[PDB]
Structure formats: C-alpha cells, structure tokens
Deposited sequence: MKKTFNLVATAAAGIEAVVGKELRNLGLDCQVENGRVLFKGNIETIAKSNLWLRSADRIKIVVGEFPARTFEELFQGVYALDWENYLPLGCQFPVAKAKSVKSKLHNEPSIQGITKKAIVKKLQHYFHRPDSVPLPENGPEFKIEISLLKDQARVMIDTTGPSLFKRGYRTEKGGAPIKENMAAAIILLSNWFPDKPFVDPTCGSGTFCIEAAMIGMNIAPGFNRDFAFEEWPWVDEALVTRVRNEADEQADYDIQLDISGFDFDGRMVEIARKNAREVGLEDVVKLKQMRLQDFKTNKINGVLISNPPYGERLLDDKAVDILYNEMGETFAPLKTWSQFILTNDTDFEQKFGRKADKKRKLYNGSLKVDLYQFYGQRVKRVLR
C-alpha cells in the first residue's frame, strides 16, 4: 500500500497562508495556491495534519492528474491510476459529486459514473476477478472526488470526512470554526493576554482561542475518515492521539470573555462551551457591547459584528459602528480586530486601521481591520 502521499489542505480564500504557516509548524514544506496548499508526507503526516490544523477545511490525497477531453480519455485516465495502492478488496469507494469548470466534459453525473466504472475495472483486474461481476463493497469508506479544470482532471481521496471546522462542539450563520481560528492566528493574541469577543454569537471566537491557549488539538474530540482504513496502523493513530493529549496544557490560566446583546445566542454559546468542557474557562454573558468597560491593559479584542447591507438598516449599522468606536476608544493598550463587509468601516468606527486583510466569509468578501495597541510610557 501507498507509503508516500501528495496531499492538499483546502482552505478559504485569504487564509491559505495561515494554513501554510500551521503546516510549517508541523515540520512540512508546502506550496500555497488559491484555495489549497500542497504538501507531501507519510501516513503519520495525514494523521497529524487532520488532528492539528485549525484553519484548513479538509485534507485529501491527490491520487493523480491527467488530461481528459472525452469520456474514453476520462475512463482510461482513471483506470491508469494506482488504485491498488489505496483501495483494499471489499472496501467502499463512492465517488463525488463531481465538479467541472471550462471543460468539454461538463455533465457531472456522467463524469462521476465513468470515474466509478473505471476504478471498478482497475480493481477487478488487479484482484484477478471476472470483470462482469460486481465487487463486494462491505468494507470501510474511501471517499473519491473528481474535478475538471480546463479539460485537466484531478482525482482525490478525502482523508478527513466531515469538514475540519466541525470540531464536534457545535450544538445549535456562525462564522466557520476554522475561520475564527485563522483570524485568531492572524491576530497578536497570546495566552497571557486578556481576550474579548464583544459580539460573541455562538461563542466560536472564545472557544477557538481557548483551544489555542491550552494547545488542545482541533480534532481532539472527533474522528477522521482515514482512521477507518484497514491498512492504517492502529498503533500509529493511538500514538499520534497520545502525543497530542500530552502536549495539551490544561493548567494555563487564560482570561477569555465574550458577550452578545442577544440572550438566545449566549444560551447557545454556553452550551457549546460546555460541549468542549470549557465551561469554567470561557466567560460568557448577555450584554450590549456599548456597556463594556475594563481597566485591564494589553488585551486583544476580536469582533465579527453585524454586516452592512444585510439584516440591519444602514442608519443602525452606522450607529452601531459609531458606538463601537466610542466604546473601544479607551482601550488604548489593546489590539482590536474587526471583520466586516463595510468598506467604510474606518470612517464609521472613527479610527484608521494599522493593517487590513481581505478575507472571505463563505462567498461574502469581508475585510479584517487591524488596530494595534500602544504601551503607555
């Protein structure tokens, strides 16, 4: 079976670089592209990368790439790949759904069906079985994906399963977990600094900051597809999980608070915090952000406030942003990080940003406004 893998971590536009940095911290060279970061590794790499990456979406094996303008070229291309190095006899290997962009092969159901038929044939042939009798599929799942871009096909295996943002703590339009993590990793927060989310919604920022502060692995309370693969060493998975549990630091004292003026959200956030066992670590309450005051210095504030041109009328959004500036103005020593689609945020907030980074929250373009705190001399 396959020992060296070509791998991709998929990531939302604007945070590929955060995924790159995370991979480098795991000891991995990588190539950052649009929506994806390429790397290589062994099976232990697959485990560690699923377990540890806070900002990526999925980890996938690239089985192979080839040109395909006709369905016969597609069939032969897929047939030619070394499925025998990945798929044991009797395993399930569903394909897809498929994707095609700017390609003569445009019918996604047909791409999906042809791909499945070619793999079946390759395995029937490799396992010396008659090619006219269906293979048994009682085994573990290997999820197959195929994608066509300008008549170039790419065939992958999903090692992850449910997307990585599903850490397992979400009980209830939350920002995605891996995105909130990416924004924390782009911030200048460190465990010894107070952290506040003044528009906390379902508690995502607070919870991701806690896990980072205690060095709890993103995937600590969840499973991954590759773990069910028969040829993956039980002893390896156990060792990788053990090392991770050991690297955690449940002792660190953190100061993490979040609040929201909607009681329904606070109720959701408390349940979510409790789901990861952080109920005594994250401080959550119902409060208007306009009432926030602190005498603590050198904190980090991170907020994903109501966006403009959506649920809230312009006049109210502008007032909200005006009041945020008024409220946060006295936090001279704190860094502040604000995510919104409002390109006039700065004027409304009343302060010019020290840095801006363009991100995507789903399909929606949003900018991260970064305001750095200053120590008083």
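J.: According to the record, which stretches of the deposited sequence lack C-alpha coordinates?
T.: Since the structure holds only modelled residues, the stretches it omits are 173-175, 381-384.
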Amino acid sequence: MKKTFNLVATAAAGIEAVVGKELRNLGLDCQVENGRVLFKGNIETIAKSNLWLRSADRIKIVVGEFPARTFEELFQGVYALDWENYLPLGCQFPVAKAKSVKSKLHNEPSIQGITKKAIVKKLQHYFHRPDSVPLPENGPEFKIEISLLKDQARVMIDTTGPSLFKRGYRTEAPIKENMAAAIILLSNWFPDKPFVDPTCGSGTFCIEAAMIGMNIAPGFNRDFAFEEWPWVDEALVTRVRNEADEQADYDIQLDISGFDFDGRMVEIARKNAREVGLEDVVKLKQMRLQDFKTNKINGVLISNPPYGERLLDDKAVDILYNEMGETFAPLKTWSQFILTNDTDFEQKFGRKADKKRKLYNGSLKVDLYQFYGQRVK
From here on, numbers count along this sequence of modelled residues.
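J.: Hey, which bit's got the bigger mean C-alpha B factor in the entry, 285-293 or 262-270?
T.: Stretch with the greater average CA B-factor: 262-270.
J.: Tell me which stretch has the larger mean Cα B-factor in this entry, 135-143 or 215-223.
T.: Mean B over CA atoms: larger for 135-143.
J.: If I read the C-alpha B-factors straight from the PDB entry, which of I256, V237, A180, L123 is highest?
T.: Each of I256, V237, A180, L123 was compared by C-alpha B-factor; the highest is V237.
J.: According to the Cα B-factor stored in this entry, which of the following is highest: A353, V19, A13, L368?
T.: So the option with the highest C-alpha B-factor is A13.
J.: Relative to the other modelled residues in the chain, which third contains the C-alpha temperature factor of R167: lowest, middle or highest?
T.: Answer is middle: the recorded C-alpha B-factor places it there.
J.: Where does the C-alpha B-factor of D57 rank in its chain, lowest, middle or highest third?
T.: Answer is highest: the recorded C-alpha B-factor places it there.
J.: In terms of the chain's CA B-factor thirds, is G277 lowest, middle or highest?
T.: For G277, the deposited C-alpha B-factor lands in the highest third.
J.: Based on the deposited C-alpha B factors for this chain, I'd like to know if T204 is in the lowest, middle or highest third.
T.: Lowest third, going by the recorded CA B-factors of the chain.
J.: Could you tell me which third, lowest, middle or highest, the C-alpha B-factor of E108 occupies within its chain?
T.: For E108, the deposited C-alpha B-factor lands in the highest third.
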